[PDB]
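Inspection log for the structure reproduced underneath, given as structure tokens.
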Protein chains: 2
Amino acid sequence: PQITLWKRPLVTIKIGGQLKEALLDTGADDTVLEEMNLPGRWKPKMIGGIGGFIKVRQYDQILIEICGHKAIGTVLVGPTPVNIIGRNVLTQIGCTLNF
Amino acid sequence: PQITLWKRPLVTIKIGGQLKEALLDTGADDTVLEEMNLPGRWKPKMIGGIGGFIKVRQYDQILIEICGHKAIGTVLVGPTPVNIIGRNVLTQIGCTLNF
Ligand SMILES: CC(C)CN(C[C@@H](O)[C@H](Cc1ccccc1)NC(=O)O[C@H]1CO[C@H]2OCC[C@H]21)S(=O)(=O)c1ccc(N)cc1
């Protein structure tokens, strides 16, 4: 669909059999989710944001569905203020910016 | 135009009579620009994200031109690692997400 930006672009996503609300974030290279129980092996990693760096759990080849669009990519799990959907996932669902 | 998400959506902006590269960021409520000596009054503010918070200076009713699209609104100035164009400006230039 076309999504205007007068509100936060929040969407219901499905990961690990759970539904969650996430923010479509064209300023994030990577997708970062709040603390959660995800099945599958993971590797430690660090990501930095506007305020510094945090510790995350990196899950590769994770199934994600966004508004009926399926993705399979890396998901970082850690103390992010918000579930954010980064470009690694947004490209898989064919998301573009237009003005 | 249409901008894909394979790479960071960097564009040229014009503010305070200066040209700069900024990130079109649907995940940002407000525009936040690298440290620059803007004139006029301002109010302190703190914005938070991954890594915590940074303190910024909020100027209101600032003219920004994004690839020819004119906008006027709030602009936050502070030690951000990247120039960020937020929804407050993305709405004024008619930007949308599409997938
Ligand atoms: C986390 C979001 C809810 C909000 N952020 C915008 C977001 O797009 C930042 C914007 C951003 C981009 C680069 C550097 C710092 C901040 N990107 C980000 O944190 O992505 C991280 C995950 O993937 C990596 O890619 C970039 C950083 C990593 S934010 O920078 O902290 C922010 C908060 C408030 C305002 N008014 C403006 C921006």
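FYI, nothing fancy with the structure tokens labels: chains A, B, ... in order, residues from 1 per chain, ligands from 1 as they appear.
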* Find the residues around stretch 83-89 of chain B up to 6 Å (only C-alpha atoms counted), leave out those fewer than 3 positions away in its own chain, and share them as number ranges by chain. => A: 5; B: 22-26, 28-34, 92
* Counting only C-alpha atoms, collect the residues of chain A whose closest atom lies at most 8 Å from chain B, and write them out as number ranges by chain. => A: 1-6, 8-9, 23-29, 48-54, 79-81, 84, 87-88, 90-91, 93-99
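Here atom 8 (O, counted along the ligand's line) of ligand 1 is placed at a distance of 26.8 Å from atom CA of residue A:41.
Relative to atom CA of residue A:76, atom CA of residue A:45 is found at 8.3 Å.
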Out of chain A, which residues get strand (DSSP E or B) from DSSP, as a PDB file with N, CA and C atoms, in the first residue's frame?
ATOM      1  N   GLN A   2       0.199   2.414  -0.146  1.00  0.00           N
ATOM      2  CA  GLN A   2       0.857   3.701   0.047  1.00  0.00           C
ATOM      3  C   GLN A   2       0.643   4.140   1.490  1.00  0.00           C
ATOM      4  N   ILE A   3       1.728   4.521   2.157  1.00  0.00           N
ATOM      5  CA  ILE A   3       1.693   4.906   3.562  1.00  0.00           C
ATOM      6  C   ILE A   3       2.201   6.335   3.677  1.00  0.00           C
ATOM      7  N   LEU A  10       3.570   2.565  11.820  1.00  0.00           N
ATOM      8  CA  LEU A  10       3.586   1.319  12.572  1.00  0.00           C
ATOM      9  C   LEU A  10       2.779   0.248  11.849  1.00  0.00           C
ATOM     10  N   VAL A  11       3.244  -0.997  11.949  1.00  0.00           N
ATOM     11  CA  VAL A  11       2.616  -2.119  11.267  1.00  0.00           C
ATOM     12  C   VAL A  11       2.706  -3.358  12.144  1.00  0.00           C
ATOM     13  N   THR A  12       1.778  -4.277  11.929  1.00  0.00           N
ATOM     14  CA  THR A  12       1.771  -5.546  12.642  1.00  0.00           C
ATOM     15  C   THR A  12       2.619  -6.541  11.862  1.00  0.00           C
ATOM     16  N   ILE A  13       3.647  -7.073  12.509  1.00  0.00           N
ATOM     17  CA  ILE A  13       4.539  -8.035  11.892  1.00  0.00           C
ATOM     18  C   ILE A  13       4.380  -9.368  12.605  1.00  0.00           C
ATOM     19  N   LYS A  14       4.834 -10.426  11.944  1.00  0.00           N
ATOM     20  CA  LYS A  14       4.776 -11.773  12.501  1.00  0.00           C
ATOM     21  C   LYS A  14       6.167 -12.383  12.450  1.00  0.00           C
ATOM     22  N   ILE A  15       6.670 -12.808  13.601  1.00  0.00           N
ATOM     23  CA  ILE A  15       7.996 -13.393  13.735  1.00  0.00           C
ATOM     24  C   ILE A  15       7.937 -14.421  14.857  1.00  0.00           C
ATOM     25  N   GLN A  18       4.705 -15.144  16.655  1.00  0.00           N
ATOM     26  CA  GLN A  18       4.103 -14.086  17.450  1.00  0.00           C
ATOM     27  C   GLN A  18       3.824 -12.871  16.578  1.00  0.00           C
ATOM     28  N   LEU A  19       2.745 -12.166  16.893  1.00  0.00           N
ATOM     29  CA  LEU A  19       2.483 -10.865  16.302  1.00  0.00           C
ATOM     30  C   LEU A  19       3.138  -9.771  17.142  1.00  0.00           C
ATOM     31  N   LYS A  20       3.545  -8.694  16.475  1.00  0.00           N
ATOM     32  CA  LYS A  20       4.150  -7.552  17.151  1.00  0.00           C
ATOM     33  C   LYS A  20       3.942  -6.329  16.274  1.00  0.00           C
ATOM     34  N   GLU A  21       3.996  -5.161  16.899  1.00  0.00           N
ATOM     35  CA  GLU A  21       3.965  -3.893  16.184  1.00  0.00           C
ATOM     36  C   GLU A  21       5.398  -3.412  15.978  1.00  0.00           C
ATOM     37  N   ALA A  22       5.684  -2.918  14.777  1.00  0.00           N
ATOM     38  CA  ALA A  22       7.028  -2.508  14.407  1.00  0.00           C
ATOM     39  C   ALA A  22       6.955  -1.216  13.605  1.00  0.00           C
ATOM     40  N   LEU A  23       8.047  -0.474  13.635  1.00  0.00           N
ATOM     41  CA  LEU A  23       8.151   0.807  12.950  1.00  0.00           C
ATOM     42  C   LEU A  23       8.964   0.621  11.674  1.00  0.00           C
ATOM     43  N   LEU A  24       8.379   1.001  10.544  1.00  0.00           N
ATOM     44  CA  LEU A  24       9.071   0.965   9.260  1.00  0.00           C
ATOM     45  C   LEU A  24      10.056   2.126   9.208  1.00  0.00           C
ATOM     46  N   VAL A  32      15.783  -4.290  14.145  1.00  0.00           N
ATOM     47  CA  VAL A  32      16.120  -4.452  15.553  1.00  0.00           C
ATOM     48  C   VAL A  32      14.828  -4.559  16.347  1.00  0.00           C
ATOM     49  N   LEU A  33      14.682  -5.647  17.098  1.00  0.00           N
ATOM     50  CA  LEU A  33      13.482  -5.921  17.867  1.00  0.00           C
ATOM     51  C   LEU A  33      13.791  -5.924  19.359  1.00  0.00           C
ATOM     52  N   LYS A  43      24.284 -15.030  17.475  1.00  0.00           N
ATOM     53  CA  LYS A  43      25.642 -14.573  17.718  1.00  0.00           C
ATOM     54  C   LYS A  43      25.611 -13.168  18.305  1.00  0.00           C
ATOM     55  N   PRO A  44      26.459 -12.876  19.288  1.00  0.00           N
ATOM     56  CA  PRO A  44      26.505 -11.508  19.817  1.00  0.00           C
ATOM     57  C   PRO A  44      26.918 -10.518  18.739  1.00  0.00           C
ATOM     58  N   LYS A  45      26.487  -9.272  18.916  1.00  0.00           N
ATOM     59  CA  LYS A  45      26.824  -8.210  17.979  1.00  0.00           C
ATOM     60  C   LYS A  45      26.525  -6.876  18.642  1.00  0.00           C
ATOM     61  N   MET A  46      27.120  -5.824  18.089  1.00  0.00           N
ATOM     62  CA  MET A  46      26.922  -4.461  18.554  1.00  0.00           C
ATOM     63  C   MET A  46      26.344  -3.636  17.414  1.00  0.00           C
ATOM     64  N   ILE A  47      25.320  -2.834  17.722  1.00  0.00           N
ATOM     65  CA  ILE A  47      24.813  -1.833  16.792  1.00  0.00           C
ATOM     66  C   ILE A  47      24.817  -0.490  17.506  1.00  0.00           C
ATOM     67  N   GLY A  48      25.057   0.573  16.744  1.00  0.00           N
ATOM     68  CA  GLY A  48      25.033   1.925  17.265  1.00  0.00           C
ATOM     69  C   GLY A  48      23.862   2.698  16.688  1.00  0.00           C
ATOM     70  N   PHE A  53      25.959   2.771  21.440  1.00  0.00           N
ATOM     71  CA  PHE A  53      25.944   1.384  21.000  1.00  0.00           C
ATOM     72  C   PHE A  53      25.328   0.484  22.058  1.00  0.00           C
ATOM     73  N   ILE A  54      24.746  -0.625  21.598  1.00  0.00           N
ATOM     74  CA  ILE A  54      24.079  -1.577  22.473  1.00  0.00           C
ATOM     75  C   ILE A  54      24.477  -2.989  22.073  1.00  0.00           C
ATOM     76  N   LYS A  55      24.193  -3.932  22.968  1.00  0.00           N
ATOM     77  CA  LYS A  55      24.427  -5.347  22.734  1.00  0.00           C
ATOM     78  C   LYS A  55      23.154  -5.969  22.183  1.00  0.00           C
ATOM     79  N   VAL A  56      23.286  -6.760  21.116  1.00  0.00           N
ATOM     80  CA  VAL A  56      22.135  -7.409  20.509  1.00  0.00           C
ATOM     81  C   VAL A  56      22.442  -8.876  20.236  1.00  0.00           C
ATOM     82  N   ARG A  57      21.376  -9.643  20.060  1.00  0.00           N
ATOM     83  CA  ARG A  57      21.444 -11.030  19.626  1.00  0.00           C
ATOM     84  C   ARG A  57      21.102 -11.075  18.142  1.00  0.00           C
ATOM     85  N   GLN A  58      22.028 -11.582  17.327  1.00  0.00           N
ATOM     86  CA  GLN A  58      21.835 -11.625  15.885  1.00  0.00           C
ATOM     87  C   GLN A  58      21.265 -12.975  15.464  1.00  0.00           C
ATOM     88  N   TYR A  59      20.081 -12.951  14.852  1.00  0.00           N
ATOM     89  CA  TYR A  59      19.441 -14.138  14.293  1.00  0.00           C
ATOM     90  C   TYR A  59      19.409 -14.004  12.776  1.00  0.00           C
ATOM     91  N   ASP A  60      20.012 -14.960  12.076  1.00  0.00           N
ATOM     92  CA  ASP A  60      20.031 -14.956  10.621  1.00  0.00           C
ATOM     93  C   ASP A  60      18.911 -15.829  10.063  1.00  0.00           C
ATOM     94  N   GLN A  61      18.561 -15.565   8.802  1.00  0.00           N
ATOM     95  CA  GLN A  61      17.541 -16.309   8.071  1.00  0.00           C
ATOM     96  C   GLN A  61      16.294 -16.538   8.919  1.00  0.00           C
ATOM     97  N   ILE A  62      15.755 -15.443   9.447  1.00  0.00           N
ATOM     98  CA  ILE A  62      14.555 -15.474  10.270  1.00  0.00           C
ATOM     99  C   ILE A  62      13.373 -15.069   9.408  1.00  0.00           C
ATOM    100  N   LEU A  63      12.281 -15.826   9.503  1.00  0.00           N
ATOM    101  CA  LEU A  63      11.072 -15.500   8.759  1.00  0.00           C
ATOM    102  C   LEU A  63      10.367 -14.301   9.381  1.00  0.00           C
ATOM    103  N   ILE A  64      10.029 -13.321   8.545  1.00  0.00           N
ATOM    104  CA  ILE A  64       9.269 -12.151   8.965  1.00  0.00           C
ATOM    105  C   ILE A  64       8.174 -11.894   7.941  1.00  0.00           C
ATOM    106  N   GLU A  65       6.962 -11.639   8.418  1.00  0.00           N
ATOM    107  CA  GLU A  65       5.849 -11.240   7.569  1.00  0.00           C
ATOM    108  C   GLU A  65       5.417  -9.836   7.971  1.00  0.00           C
ATOM    109  N   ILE A  66       5.254  -8.961   6.982  1.00  0.00           N
ATOM    110  CA  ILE A  66       4.893  -7.565   7.201  1.00  0.00           C
ATOM    111  C   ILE A  66       3.723  -7.249   6.282  1.00  0.00           C
ATOM    112  N   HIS A  69       3.502  -9.539   3.482  1.00  0.00           N
ATOM    113  CA  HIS A  69       4.700  -9.713   2.670  1.00  0.00           C
ATOM    114  C   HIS A  69       5.734 -10.479   3.480  1.00  0.00           C
ATOM    115  N   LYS A  70       6.246 -11.563   2.910  1.00  0.00           N
ATOM    116  CA  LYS A  70       7.176 -12.433   3.614  1.00  0.00           C
ATOM    117  C   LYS A  70       8.614 -11.989   3.374  1.00  0.00           C
ATOM    118  N   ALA A  71       9.424 -12.061   4.427  1.00  0.00           N
ATOM    119  CA  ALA A  71      10.849 -11.791   4.342  1.00  0.00           C
ATOM    120  C   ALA A  71      11.605 -12.872   5.103  1.00  0.00           C
ATOM    121  N   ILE A  72      12.863 -13.056   4.727  1.00  0.00           N
ATOM    122  CA  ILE A  72      13.760 -13.985   5.400  1.00  0.00           C
ATOM    123  C   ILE A  72      15.121 -13.314   5.507  1.00  0.00           C
ATOM    124  N   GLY A  73      15.434 -12.774   6.674  1.00  0.00           N
ATOM    125  CA  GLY A  73      16.672 -12.046   6.815  1.00  0.00           C
ATOM    126  C   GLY A  73      17.112 -11.961   8.256  1.00  0.00           C
ATOM    127  N   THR A  74      18.147 -11.152   8.485  1.00  0.00           N
ATOM    128  CA  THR A  74      18.741 -11.025   9.803  1.00  0.00           C
ATOM    129  C   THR A  74      17.876 -10.149  10.696  1.00  0.00           C
ATOM    130  N   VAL A  75      17.760 -10.555  11.956  1.00  0.00           N
ATOM    131  CA  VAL A  75      16.993  -9.830  12.960  1.00  0.00           C
ATOM    132  C   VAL A  75      17.870  -9.679  14.192  1.00  0.00           C
ATOM    133  N   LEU A  76      18.014  -8.451  14.663  1.00  0.00           N
ATOM    134  CA  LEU A  76      18.767  -8.157  15.871  1.00  0.00           C
ATOM    135  C   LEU A  76      17.786  -7.970  17.019  1.00  0.00           C
ATOM    136  N   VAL A  77      18.105  -8.555  18.171  1.00  0.00           N
ATOM    137  CA  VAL A  77      17.238  -8.541  19.347  1.00  0.00           C
ATOM    138  C   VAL A  77      18.026  -7.954  20.505  1.00  0.00           C
ATOM    139  N   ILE A  84      12.019  -1.788  15.180  1.00  0.00           N
ATOM    140  CA  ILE A  84      12.232  -1.049  13.943  1.00  0.00           C
ATOM    141  C   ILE A  84      12.500  -2.025  12.813  1.00  0.00           C
ATOM    142  N   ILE A  85      11.884  -1.766  11.662  1.00  0.00           N
ATOM    143  CA  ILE A  85      12.071  -2.566  10.460  1.00  0.00           C
ATOM    144  C   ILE A  85      13.031  -1.806   9.549  1.00  0.00           C
ATOM    145  N   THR A  96       9.706   1.249  -1.239  1.00  0.00           N
ATOM    146  CA  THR A  96      10.411   2.397  -1.781  1.00  0.00           C
ATOM    147  C   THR A  96       9.846   3.681  -1.186  1.00  0.00           C
ATOM    148  N   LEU A  97      10.642   4.747  -1.262  1.00  0.00           N
ATOM    149  CA  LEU A  97      10.196   6.093  -0.918  1.00  0.00           C
ATOM    150  C   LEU A  97       9.864   6.861  -2.190  1.00  0.00           C
ATOM    151  N   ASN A  98       8.818   7.679  -2.128  1.00  0.00           N
ATOM    152  CA  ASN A  98       8.349   8.416  -3.294  1.00  0.00           C
ATOM    153  C   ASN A  98       7.852   9.788  -2.871  1.00  0.00           C
TER     154      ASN A  98
END
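What separates atom 13 (C, counted along the ligand's line) of ligand 1 from atom CA of residue A:78 is a distance of 16.9 Å.
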